């Protein structure tokens, strides 16, 4: 219909592409009289706004108005809201302060914007917090209005969440701070994620006070709304490099596609309203000196597949959200995009931003790799009902390749429980550090293939990680390459067979030749294992007999022992004890209790010269010397008979 | 004692028990 698009910009968007923004648009023309008028104004005073509105409304009864702005003056949107209330004309905002988010519109005004609200932005930010399991947080609110609705929305969202959020009490500011009574509430902050809701002027003072407090640490996150994030050019020096912000400022979609979608929505509403009633276009004659409108009609609208439907308050249903961070180059780094319902993440691995400034010494970020072991590291899927690991599990990632022709893969994130997970959680409780837990992709524990290691040994020795919380056997060259901690559990080796006992130990007469006994029996180990190295250092002839007796999997060897495809097996003691304590039937019987066996322990391998080694050696003796290790053994072992 | 001196690797591995007479 009669639609005028006026644009106030300094960014040189010319007029002729707007005249070319009418031809292929509305290919199936249901309104017969469609006329668009493109205008460009450089001055942004409300005098010219009222003047051009009174010129275009008298200009052959223009019914549609579309406006964008380049500056950051939010009063222009309020002026256009008053103009739409007086003139009864649906006006759309596109860019800048004419499209900023305000508190409460009126039913007397037919002005509409795009994008999300502060409640939908809070929902997106809590979705960010949910996807990263940052459940321990706080909330700091200033005297900027609309704050009690913000606090109540956070409370109702926590009350309507599958998380069970750990929310600290709301730190409410009163005036410009004396730094006497507000500092008492700031020293109560012991959480990690700090939620701040303020304006741009007070944010500098709040971040400077938090930097003076030392509350701008590596674990002390900062997530800010869109309105405090002002000019992209004007960036004060008090921002932490890694400042999380969420705003609808999208550079991939320019103003022309947005005004084309707005024209599509307006013509769709006009064409669907023309079938309901005929005399829909009725405007005011002149400024000097309606029953059926589109104010209550275009709640349902969808153009070109993109669901751009509206709400009953003046917002959209499915907007496009932008998640930006601050790099080390003091620039707003655009990272995250939002889907129609869920959230997309460009960086699935969250970056640390360990140094927000140059004078920030940090020593607590530790990279940990581990291996899947059934009594120790249980790796399972994420819960599809919550998209959240249960509290007693930790997140993990693994670089799993897609196909075998290329080497590209995906870091699939899963959940982890078990025994070493409990050890790592108690170390995080006591030592109070940060961990970076993930899975190994090369293979097993480690094997020197011609002065080349692999697996967790290749991750620790080449210093891509720090330590391994998971279980590891200890021999000579492993103690040569790294430094082990103190052991905590008495786990030697053992032999599983089918009370009578045939094998007495390593001094068995069966360990000489199976031709000596009338049934030719069989026993092997797991491939690529350190037990193989222990046998090859003990007896090479035993390795020569075991070469024809190899197998593949621990559960495969278990099925081979149950059915009868294997006679005996050599493994460690306590893992076989745990597998036999939960087995139905209990036909497989262990041999001894570690008498003619290796009788080694399980330690934590650290790098040569790590400062954490003494603290871990104190913490393990603290965990064993109070029965808490016995509590974990009661939790993760079942001693039957 | 780990806070005051340094420790080596343990050579013995055992637990505790109760001496009674029968």
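We did not get these values from a lab; they are worked out from the coordinates using the rules stated. Reconstructed Cβ throughout: ideal geometry from the backbone, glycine too, with neighbour counts over all protein chains shown.
Could you tell me how many cubic angstrom of Cα convex hull volume region A:50-206 has per residue? Don't skip to the answer; put the middle values down first.
Details: hull volume 22.8 nm³, N = 157.
So the per-residue Cα hull volume is 145 Å³.
What does DSSP give for the protein assembly as shown in terms of the percent of beta bridges that are antiparallel, rounded to the nearest 5?
Numbers: 32 of 72 bridges.
Rounded to the nearest five, the antiparallel share is 45 percent.
When only alpha-carbon atoms are used, what values of Rg and Dmax, in angstrom, describe region A:578-634?
Rg, Dmax (Cα atoms, Å): 16.6, 49.
For region A:404-490, what does the alpha-carbon gyration tensor say about shape, rounded, prolate or oblate, given a ≥ b ≥ c as the root eigenvalues, a/c under 1.5 as rounded, and a/b over b/c as prolate?
Details: a/c = 2.05, a/b = 1.13, b/c = 1.82.
Taking the square roots of the gyration eigenvalues as a ≥ b ≥ c, region A:404-490 is oblate.
What ranking do A:179, A:381 get, fewest neighbouring Cβ atoms within 10 angstrom at the top? Before the final figure, lay out the partial values.
Numbers: A:179 12, A:381 9.
Final ranking by Cβ density, sparse to dense: A:381, A:179.
What FRET efficiency comes out for the pair residue A:147/residue A:234, r = Cβ-Cβ distance, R0 = 22 Å, nearest 0.05?
Values: r = 25 Å, r/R0 = 1.12.
In this case the efficiency is close to 0.35.
Ignore the peptide's own chain and count Cβ atoms of other chains within 10 Å of each Cβ in B:7-20; give me the average, rounded. Mind dumping the intermediate values first?
On the way: counts 3, 1, 7, 4, 0, 0, 9, 1, 1, 0, 0, 0, 0, 0.
Per residue, the average neighbour count from other chains is 2.
Run the quick spin-label model on residue B:4 and residue A:82: label points 7 Å from Cα toward the beta carbon, then report their separation in nm to one decimal.
Using points 7 Å along Cα→Cβ, the separation is 8.1 nm.
Could you bin all the Cα-Cα distances of region A:267-331 into 5 Å bins starting at 0 and give me the percent of pairs in each, rounded to whole numbers?
Per 5 Å bin, starting at 0, the Cα pair percentages come out as 3, 12, 17, 15, 14, 10, 9, 6, 5, 4, 4, 1.
Got the relative contact order for region A:164-253 handy, in percent, Cα pairs under 8 Å and 6 or more residues apart? Please report the intermediate quantities before stating the final value.
Details: 63 pairs, mean separation 24.6, N = 90.
Value for region A:164-253: 27 percent.
Hey, can you rank A:93-105, A:226-238, A:477-489 by average C-beta count inside 10 Å, highest first? Don't jump to the answer; show the numbers that get you there.
Working: A:93-105: 18.9, A:226-238: 13.7, A:477-489: 16.5.
For the peptides A:93-105, A:226-238, A:477-489, the packing ranking is A:93-105, A:477-489, A:226-238.
Please give the direction-averaged projected area of the C-alpha convex hull for region A:117-190, in square nanometres with one decimal.
Spelled out: convex hull of the Cα atoms, projected over all directions, averaged, 5.4 nm².
Rounded to the nearest 0.05, what FRET efficiency is calculated for residue A:631 and residue A:509 with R0 set to 60 Å and r the Cβ-Cβ distance? Mind showing how you got there, number by number?
Details: r = 42 Å, r/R0 = 0.71.
The calculated FRET efficiency here is 0.90.
At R0 = 30 Å, how high is the FRET efficiency between residue A:284 and residue A:17 if r is their beta carbon distance? Nearest 0.05 is fine. Could you put the intermediate results ahead of the total?
Details: r = 30 Å, r/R0 = 1.01.
Working from the Cβ atoms, E equals 0.50.
Could you tell me whether region A:113-152 comes out rounded, prolate or oblate from its Cα gyration tensor? Rule is a ≥ b ≥ c as square roots of the eigenvalues, rounded for a/c under 1.5, then prolate if a/b exceeds b/c, otherwise oblate. Don't skip to the end; give the middle numbers.
Working: a/c = 3.17, a/b = 1.20, b/c = 2.65.
It comes out oblate by the Cα gyration axes.
In which sequence would A:517, A:602, A:545, A:288 go, from the one with the fewest C-beta neighbours within 10 Å to the one with the most?
So the ranking, lowest neighbour count to highest, is A:288, A:517, A:545, A:602.
Classify region A:543-641 from the C-alpha gyration tensor, please: rounded if a/c falls under 1.5, else prolate or oblate depending on whether a/b exceeds b/c.
Numbers: a/c = 2.76, a/b = 1.59, b/c = 1.73.
It comes out oblate by the Cα gyration axes.
Using square roots of five times the C-alpha gyration tensor eigenvalues, list the equivalent-ellipsoid semi-axes of the protein assembly as shown in whole Å, biggest first.
On the way: eigenvalues 931, 170, 90 Å².
After diagonalising the Cα gyration tensor, the semi-axes are 68, 29, 21 Å.
Quick one: if you take sqrt(5λ) for each eigenvalue of the C-alpha gyration tensor of region A:341-466, what semi-axes come out, biggest first, whole angstrom?
23, 22, 19
Okay, which of region A:27-47 sit inside 13 Å, backbone N to the point 7 Å along the Cα-Cβ direction of residue A:60?
A:33-38
Report, in whole Å, the centroid distance computed from the Cα atoms of region A:203-222 and region A:1-49.
Here the answer is 46 Å between Cα centres.
Given points 7 Å out from each Cα along the Cα-Cβ axis, report the residue A:32 to residue A:360 separation in nanometres with one decimal.
6.7
Going 7 Å from the Cα of residue A:187 along its beta-carbon direction, which residues of region A:156-174 have the amide nitrogen within less than 19 Å of the resulting point?
Within reach of a label on residue A:187: A:169-174.
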